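[1] part one of the assembly, not moved from where it sits:
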Amino acid sequence: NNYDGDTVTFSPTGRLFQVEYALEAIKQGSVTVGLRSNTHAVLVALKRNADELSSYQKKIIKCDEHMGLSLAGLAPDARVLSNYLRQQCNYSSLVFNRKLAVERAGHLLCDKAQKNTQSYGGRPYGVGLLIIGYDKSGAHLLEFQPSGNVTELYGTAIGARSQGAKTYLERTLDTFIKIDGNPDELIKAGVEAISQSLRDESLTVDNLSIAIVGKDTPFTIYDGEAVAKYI
Amino acid sequence: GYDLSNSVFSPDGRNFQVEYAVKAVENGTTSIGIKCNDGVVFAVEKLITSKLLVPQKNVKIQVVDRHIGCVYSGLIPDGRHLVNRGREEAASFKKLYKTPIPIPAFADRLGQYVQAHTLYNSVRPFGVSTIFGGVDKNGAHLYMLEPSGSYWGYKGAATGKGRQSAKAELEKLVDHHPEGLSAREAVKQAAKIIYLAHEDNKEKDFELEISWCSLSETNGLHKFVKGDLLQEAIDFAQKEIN
Amino acid sequence: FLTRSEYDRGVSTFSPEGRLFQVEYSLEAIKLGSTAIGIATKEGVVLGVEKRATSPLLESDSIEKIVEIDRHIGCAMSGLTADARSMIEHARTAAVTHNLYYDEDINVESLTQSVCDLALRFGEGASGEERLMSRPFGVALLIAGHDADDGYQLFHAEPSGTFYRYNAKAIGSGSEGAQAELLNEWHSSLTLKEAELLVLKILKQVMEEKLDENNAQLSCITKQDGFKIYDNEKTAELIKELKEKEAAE
Amino acid sequence: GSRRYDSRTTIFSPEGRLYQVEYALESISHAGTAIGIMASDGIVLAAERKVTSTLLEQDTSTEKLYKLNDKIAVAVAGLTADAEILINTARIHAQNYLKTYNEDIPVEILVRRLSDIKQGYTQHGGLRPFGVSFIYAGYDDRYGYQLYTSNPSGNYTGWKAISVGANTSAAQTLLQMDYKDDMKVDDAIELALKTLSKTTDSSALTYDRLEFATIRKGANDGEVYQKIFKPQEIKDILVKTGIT
Amino acid sequence: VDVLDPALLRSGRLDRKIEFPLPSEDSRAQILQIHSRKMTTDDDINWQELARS
Amino acid sequence: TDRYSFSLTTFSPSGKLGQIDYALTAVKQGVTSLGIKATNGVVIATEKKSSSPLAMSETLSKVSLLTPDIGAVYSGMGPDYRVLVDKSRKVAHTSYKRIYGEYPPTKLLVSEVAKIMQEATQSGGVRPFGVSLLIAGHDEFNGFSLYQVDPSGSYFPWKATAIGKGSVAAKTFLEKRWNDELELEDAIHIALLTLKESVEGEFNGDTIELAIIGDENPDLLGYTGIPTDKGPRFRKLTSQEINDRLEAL
């Protein structure tokens, strides 16, 4: 502790270490991969059980019938952010009679982290979210960091061993963009994408969690004996 | 201890916190503001981190009102709060006085907000430098706002990593044209010194975004330079540095 | 005491761990918890708790860690039980709220999720909810229940704000010894009196007295009879018929 | 920021004990002595001033002695600023009781109310205590003459003879040997004077350094005359007892 | 290099200031082959596979 | 946010309150002022000081008016005096010229201002004002009165006192110089003579500020034709009147 244990301070370097600390939430996080093409988005999250008598705790939350977010990091933080996204999503449906703009909602999120990083006794959130959806401008993948950086990407990951996924996506980048109208392939590309990011943790028919959104297919989360078709 | 916060004082006239905020802005990317005869022309160097990105789909120049361009460097999330605040303050003034806000008025407001964040224990002074301007009916103006809440008029301002390359070249441009230059002619100038400001930043690759607010091109609105006009600027600069 | 803790000056402050320290400490107060065992089957859920005798002058048949939320959901508290005095009221309120608004028996998972949303509300003022706590709760629950939509379910609710659905879980001090045995002896082909007798098997190992109905209590949640607290006369019979079959060895 | 520099002075010690309360008790033996001695016919309150200078005006001063109401007066020993506040809180409470029941307050009730006020400041809010000790002389019909001390923690006990302030241990020993259950007021006045002559923190003990006041049943028709004496009536009764 | 004296920031002392970076994709693959030259391997090795992983 | 509501004045381990011990030292690092109480009047006299000699001194006041019968004079801090004079007046109007429709007696005014100091001793976000005030005034029923309010919040009446840095020496001088009847004419010569032993500075009416709560002046009444009220009993002495008395010492 010199400048390390306080979110209001600075820092001779000009960082602060409290943000870097929150970025370890990503690091201890479980791998999840999102990739989109141009007609369909897919989030592939690797669920994690505590033990054998136990079930797995879902890692994808239906935010809307065209939007979903998946956590990586702390489970209490994620539950705060998911409620908020939903409130602002229903606000737009009510007030402007309108599906929520994906690009805009990323800035609403940003400012909520920012105000707990301005005032003392606040915290930086320890969850980074991948938020996919399909609106009037097509498929989208937003990447949320603890810092509050919002970026739109063709395909990304966060989690433990995120590097190994990201080198996979650099190969298969030009493949997935060009498959369109066949949601099936993009899912297969996502099963393989997270296989690379395993520590021999395997993929079972209740560990792998697929969720998709289309031109014509609402937000849906597959698990059960649905997933086994892709496994 | 007396070197840790903002409400502290130390007998050297230093208030170490605030000076540390400049060090944040010093990690940013180059941003320039070219003050021309007809308006203002901003450009920002936008780092392309990975080939996984979806290109030209992140704007680091955000509009406030319909006539005041705003582009900032330092902490990207932190800056987004400062712009939201100046969009509230613009909207309050637009209602109460039924005109689009003057730029010396927009200056007062923002100026006050960051100054505020050095007088309480429970807040941190924001570490961003803004560059904002446009056309109002008293003419075009440009302001650069330090994280310390310091600002001045400017015929050219910059901030960022490559504020070293950029500044020397802005001297060159007021000695090229000491009677000023056109806002059209200045699109090609913003391309040229953003490209030179990536020789302090050549570990990556980047995308150039250019926007303008000039009276004589855009009817005094804050618009983006886009399509074929934007690629003429890219080519111009690209051939000089080769 | 006085074990290195670099940071812990804020009640939410980081930490090169990547997670808060205060939440971690909250889970280290459940290893001082009086042992609560729970075996969930597809025919019913048994909540057993050691009442815990402290003295011979303490009346240990008057004190119990079986707490009713409603007729279709039961709950068991282990840890710092003063913290559970506040939450268990809240949970009972919650259920009732659902019966007012929707006239329906509340999901076990939903109910579990509600005291978790409560569990996370430590702080000096931040987020959507106004903080009214300042130190995290140091108590874990085993919400059992029965709904007619997803069957028998049993949840382990954390002071963290996390819920993991278990098929059987013991918590408390003798948690480590319990979960070795659950792993081998549990299965999904159990019947109600073979589970019941399993609760008393594992209770026998984490017992710090000896097993008798003057320091141990059983309780069930059954679909057609609801949540029922087993009285001591009934409890006695089963403990003796364990002792008959363990003497057939 | 603020939480960093927070004193936290309202937490328990390892002993279960409240450092600032003790620190308050430590500092009142740096203020002058105030004594109460309960006679059967009245109550003598005898205070020794913690200041004196020949350039002092100590003649309009009632700087230890206060009337809370015409039947219950106090002797104050400690930090005078904190004390002044409670004194007008008490007046406000007396008059409230009087508004609502149209009957004067018993001594039992007003001593419990001041004490609860103190209790709040040591209990929470991160404040420091109000470091004051009051000797309440009062008359009520329900339990008669009643004598009381309260301390900065906010706890009270009744006494037949008490001493507060400077040399508490000392004054207590003396009081126990020269007390008798039933006295006249004069004998009490004498005793009040005598204890302060052996405990005085300067060798000399004088009228201008005594504030001295009684409550006497020398009012006919079963009433009580609160008398705060003039320092020239103190001078005569001090020559009477032969001190000076 | 954060522990050096301000009289070693200066040129005249050590003028040229070289940083050794954490390895790169190409660099890792090379490193592995230089140790493994010393011992005997089988002929079904792929140095890129190990270096991705 | 803010969370400064915790006391910043606390008891010290050795007893006594550190912050008020610090404030009193500060009063003896200031200017020097004294007051003598006469039979038929009261005088206060103090030194006027400024950074540079090219600064004015008529635009500065260290004898200030609370009521037309009551002036105050300080020793301690200039900034801290200025605010409390205003608050002294504000509370004198709101709690006594609205509820009794007249000015308060000197004892009653003293006590009000002693509460304001008191909440600067209690609670967070305050540290004591570092002044000592004299409040000399006249009311009809107790006649002439002289007080001293200190950093701590107690008050004391005195018969003659001084405050400031030259204080210990000044009260010794005034001990032999006090008399049982002193006239106001005589007192004026006394205060000047004492503050001449205490001030090196060029001794004119323009550097020594003199104010008397002597006797009533029907010419400072501001109206005529009312014989019922009488004028200010306070009267600030400007440079010319002091110059005659300079020569008569």
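    Right, received. Where do you want to start? Numbers count the residues shown, from 1 in each chain, chains lettered A, B, ... in the order given.
[2] if I pick the residue most central in space within chain B, what's in contact with it?
    For chain B, the residue nearest the mean C-alpha position is residue B:131 (2.8 Å; Cα atoms, centre = their mean). Going by Cβ atoms under 8 Å, 6 or more residues apart in numbering or on different chains, residue B:131 touches B:31-33, B:42, B:70-72, B:142-145, B:157-159. For the C-beta atoms, the positions are set from N, CA and C on the backbone; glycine is no exception.
[3] quick one: the helices in chain F?
    F:18-25, F:78-94, F:106-118, F:167-177, F:184-198, F:239-246 (DSSP state H).
[4] could these be laid out in JSON lines, adding mean neighbour count and distance to residue B:122?
    As requested, the helices of chain F are arranged in JSON lines below (neighbours: other Cβ atoms under 10 Å in any protein chain shown; distance: least, Cβ to Cβ, whole Å):
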{"stretch": "helix F:18-25", "mean neighbour count": "16", "distance to residue B:122": "23"}
{"stretch": "helix F:78-94", "mean neighbour count": "15", "distance to residue B:122": "25"}
{"stretch": "helix F:106-118", "mean neighbour count": "20", "distance to residue B:122": "27"}
{"stretch": "helix F:167-177", "mean neighbour count": "15", "distance to residue B:122": "42"}
{"stretch": "helix F:184-198", "mean neighbour count": "19", "distance to residue B:122": "47"}
{"stretch": "helix F:239-246", "mean neighbour count": "14", "distance to residue B:122": "51"}
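[5] which one is residue C:26 nearest to, not counting chain neighbours?
    residue C:159 (3.9 Å; Cβ to Cβ, 6 or more residues apart in numbering or on different chains).
[6] what helix or strand is the one you found located in?
    Counting by DSSP states H and E, there is no helix or strand that carries residue C:159.
[7] Provide a list of residues in contact with it.
    C:23, C:26-27, C:29-30, C:79, C:119, C:136-140.
[8] from residue B:122, how far out is residue F:4?
    According to Cβ to Cβ, to the nearest Å, residue F:4 stands 10 Å off from residue B:122.
[9] between the two, which contacts overlap?
    Taking Cβ under 8 Å, 6+ apart as the criterion, residue F:4 and residue B:122 both touch residue D:2.
[10] show me what contacts residue D:12?
    For residue D:12, the contact set (Cβ under 8 Å, 6+ apart) comprises residue D:18.
[11] and residue 195, what does it touch?
    Let's take chain A. residue A:203.
[12] nope, chain D please
    Residue D:195 sits next to D:35, D:37, D:46, D:163, D:171, D:174-175, D:178 when contact means Cβ under 8 Å, 6+ apart.
[13] same thing with residue C:56?
    Applying Cβ under 8 Å, 6+ apart, no residues contact residue C:56.
[14] any figure for the gap between it and chain F?
    To chain F, residue C:56 is 46 Å away according to Cβ to the nearest Cβ, to the nearest Å.
[15] extra chain here, label it chain G:
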Amino acid sequence: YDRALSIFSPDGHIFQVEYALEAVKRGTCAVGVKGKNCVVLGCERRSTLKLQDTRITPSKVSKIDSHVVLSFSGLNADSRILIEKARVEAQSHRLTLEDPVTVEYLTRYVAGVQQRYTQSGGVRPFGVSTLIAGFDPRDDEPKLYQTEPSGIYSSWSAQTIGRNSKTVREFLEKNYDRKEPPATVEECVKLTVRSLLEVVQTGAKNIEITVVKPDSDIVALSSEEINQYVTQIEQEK
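    Chain G goes in next, on the same frame as the chains above:
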């Protein structure tokens, strides 16, 4: 102020609850023993100090309703805030639900009161432990409860809290029987006096005894009475 006076400890506690228990240890000793048809709370009073008015000063047994007594050990000053809450709840029960309180409901309330000052910010726990005893109305079962500053409540057959409680607790294992209380009121009083004479000692004037019988009869036995009861025990021993 909204800053914590309760800082979580890595030990699995809160420091201030451990500090609050010591504070209770240093407090005067209370015994509770319930008969078949009585309750008996004996408490030590330090009357060792002389020229103490004892008439006007409240006993360390406070009636909170017409059939529920509360005795206490730990911080005497602090206790009075609990006694003022509890008297207030007792009326509220009659107002809104009708009938007098039950000993259990009141004990639970006290439990939630002391609990609150742990979990809230801006406040430190109370280091005060109560013995709550009494009757339920329409009933004649003595019910004897103990609440402790952890905000944990307990029923007890007999209990003791305060200073050197352990010495009395070992005696109570051995001279009171779980199965059989002493059946006369008088013998129950003498069993508790006999217990008190272990730590209290120093004559019979530091002993005080409150006896409660159902149907709302709280009477406190004077010194004279005690004197006779103590002398009996003295002679027989």
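[16] what do you get for the contacts of residue A:195 once chain G is counted?
    By Cβ under 8 Å, 6+ apart, the residues touching residue A:195 are residue A:203.
[17] hang on, it in a helix?
    No: counting by DSSP: H, G, I helix; E, B strand; the rest coil, one finds residue A:195 to be coil, located in no helix.
[18] what helix or strand is the residue nearest to the centre of chain B on?
    With DSSP H and E as the criterion, the answer for residue B:131 is strand B:128-136.
[19] ok, then the element right after that strand?
    Next along the chain from strand B:128-136, counting by DSSP H and E, comes strand B:139-145.
[20] show me which strand runs longest in chain C.
    Counting by DSSP state E, the longest strand found in chain C is strand C:139-147.
[21] which helices and strands does that strand pack with?
    Judged by 3 or more Cβ pairs under 8 Å, 6 or more residues apart in numbering or on different chains; DSSP states H and E, the packing partners of strand C:139-147 are strand C:36-40, strand C:45-49, strand C:73-79, helix C:81-101, helix C:108-119, strand C:151-157, strand C:168-171, strand C:217-222.
[22] quick one, helices of chain E?
    Using DSSP H, helices in chain E cover E:25-36, E:47-52.
[23] now do the contacts for the residue in chain C positioned nearest to chain F.
    Residue of chain C nearest chain F, by Cβ to the nearest Cβ: residue C:125 (7.2 Å). By Cβ under 8 Å, 6+ apart, the contact set of residue C:125 is A:121, C:131, F:1, G:2.
[24] picking up where we left off before, need the helices and strands packed on strand C:139-147 in TSV with mean neighbour count and distance to chain G, can you?
    Shown next, in TSV, are the helices and strands packed on strand C:139-147 (neighbours: other Cβ atoms under 10 Å in any protein chain shown; distance: least, Cβ to the nearest Cβ, whole Å):
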stretch	mean neighbour count	distance to chain G
strand C:36-40	28	16
strand C:45-49	26	15
strand C:73-79	26	9
helix C:81-101	17	4
helix C:108-119	21	12
strand C:151-157	22	18
strand C:168-171	26	14
strand C:217-222	22	15
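[25] what about the residue of chain C closest to chain F, which helix or strand?
    With DSSP H and E as the criterion, residue C:125 is inside neither a helix nor a strand.
[26] for the chain, what spans make up the strands?
    Looking at chain A here, since you left the chain open. A:32-36, A:40-46, A:48-49, A:56-57, A:60-64, A:67-70, A:130-135, A:138-144, A:150-152, A:155-158, A:208-214, A:220-222.
[27] switch to chain F, please.
    Applying DSSP E to chain F gives strands spanning F:33-37, F:42-47, F:63-67, F:70-76, F:131-139, F:143-149, F:155-157, F:160-163, F:208-213, F:234-237.
[28] in CSV, list those along with mean neighbour count and distance to residue E:18.
    Listed next are the strands of chain F as CSV, based on neighbours: other Cβ under 10 Å; distance: least, Cβ to Cβ, whole Å:
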stretch, mean neighbour count, distance to residue E:18
strand F:33-37, 27, 72
strand F:42-47, 25, 70
strand F:63-67, 20, 72
strand F:70-76, 26, 63
strand F:131-139, 25, 65
strand F:143-149, 21, 72
strand F:155-157, 21, 75
strand F:160-163, 27, 70
strand F:208-213, 24, 74
strand F:234-237, 20, 79
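[29] chain H should go on the structure too:
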Amino acid sequence: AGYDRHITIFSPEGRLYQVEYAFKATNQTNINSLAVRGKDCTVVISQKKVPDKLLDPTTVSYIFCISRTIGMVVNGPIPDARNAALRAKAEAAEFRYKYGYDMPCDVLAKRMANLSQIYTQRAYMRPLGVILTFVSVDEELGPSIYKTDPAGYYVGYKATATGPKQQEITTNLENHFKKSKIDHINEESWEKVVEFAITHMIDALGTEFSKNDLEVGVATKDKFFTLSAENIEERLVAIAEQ
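    With chain H now in place:
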């Protein structure tokens, strides 16, 4: 405690070191001013320095118009200058509204003064590190200069200077009014007071000035104006032809 000057708490010496630290931070712009009372005017002259060719010279300013009668000249950092400019404006609207005449300078000295005390009495507010010189021409008190400082102390002046080299100026002003033997120059027109002021400043600071390195503000009767560089240029030639 090791905390003893993080907050505005007395020292063993009975002092507010925290407040003293403000006065060591009133000299960071390193600008100097001198202000003199004529007979029927007030004149205040200050230095102007621009650090670069690339600022606009007009906007760089230290003399801030508060009322239309009260000018205000600022020594010390420009962030706290502005916060001081704003508060003052607020009180000037406020006085007219409730008392039905324009704010007197005298009254602005005490309000802004009492406000300063309130910043050194909260244990969470950091005082403004600006010495304000208030110039006015009043009809009820005549031409006056009031100097407030970060403590909240103030006094009147016959002339005054501020700035780090301000000792030098004190010599010129002391010597000058020693010879005149009166507190104000007997001169009936503002022109020749601008001429006098610049002369003592040339003597004291040891450097002659130019049009673009001056900044002049003048309070006349019933209006407050600032002179531009052109009007200042005229004044300089007429010192030479005396």
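[30] now that chain H has been added, could you go back to the contacts of residue D:12?
    D:18, G:16, G:19-20, G:23, G:124, G:127.
[31] make TSV out of those residues and add distance to residue G:232, secondary structure and neighbour count.
    As requested, the contacts of residue D:12 are exported to TSV (distance: Cβ to Cβ, whole Å; DSSP: H, G, I helix; E, B strand; the rest coil; neighbours: other Cβ atoms under 10 Å in any protein chain shown):
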residue	distance to residue G:232	secondary structure	neighbour count
D:18	42	coil	25
G:16	45	helix	23
G:19	42	helix	20
G:20	39	helix	27
G:23	36	helix	25
G:124	45	coil	23
G:127	37	coil	28
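[32] spatially central residue in chain E, please.
    residue E:23 (5.2 Å).
[33] which one is it nearest to, not counting chain neighbours?
    Nearest residue to residue E:23, sequence neighbours excluded (Cβ to Cβ, 6+ apart): residue E:31, at 6.7 Å.
[34] could you do residue F:32 as well?
    Ranked by Cβ to Cβ, 6+ apart and with sequence neighbours excluded, the top spatial neighbour of residue F:32 is residue F:164, at 3.5 Å.
[35] now do the phi/psi pair for the one you found.
    The phi and psi torsions at residue F:164 (degrees, to the nearest 10) take the values phi 110, psi -160.
[36] what sits against it?
    F:27-28, F:30-34, F:75, F:170.
[37] in this structure residue A:143 contacts residue A:155, no?
    No: if you go by Cβ atoms under 8 Å, residue A:143 and residue A:155 don't touch, sitting 10.1 Å apart.
[38] between those two, which is the more surrounded one?
    residue A:155 (28 against 18; other Cβ atoms under 10 Å in any protein chain shown).
[39] wait, the more buried one touches residue A:141, no?
    Yes: contact criterion Cβ under 8 Å: residue A:155 and residue A:141 qualify, at 6.8 Å.
[40] can you check which residues contact both of these two?
    A:34-36.
[41] make a markdown table out of those and add neighbour count.
    Formatted as a markdown table, the shared contacts of residue A:155 and residue A:141 follow (neighbours: other Cβ atoms under 10 Å in any protein chain shown):
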| residue | neighbour count |
| --- | --- |
| A:34 | 28 |
| A:35 | 31 |
| A:36 | 26 |
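[42] what's the closest of these to chain D?
    Using Cβ to the nearest Cβ, these come closest to chain D at residue A:34, 38.3 Å.
[43] quick check: bridge partners of the closest one?
    Beta bridges link residue A:34 to residue A:43, residue A:156 when assigned by DSSP bridges.
[44] after the helix or strand harbouring residue G:189 comes which helix or strand?
    Using DSSP H and E, residue G:189 sits within helix G:185-196. Counting by DSSP H and E, the element after helix G:185-196 in chain order, helix or strand, is strand G:207-213.
[45] in its sheet, which strands sit next to the helix or strand just after that next one, and in what direction?
    Downstream of strand G:207-213, the next assigned helix or strand under DSSP H and E is strand G:217-221. Paired with strand G:217-221 in the same sheet, following DSSP bridges, are strand G:207-213 (antiparallel).
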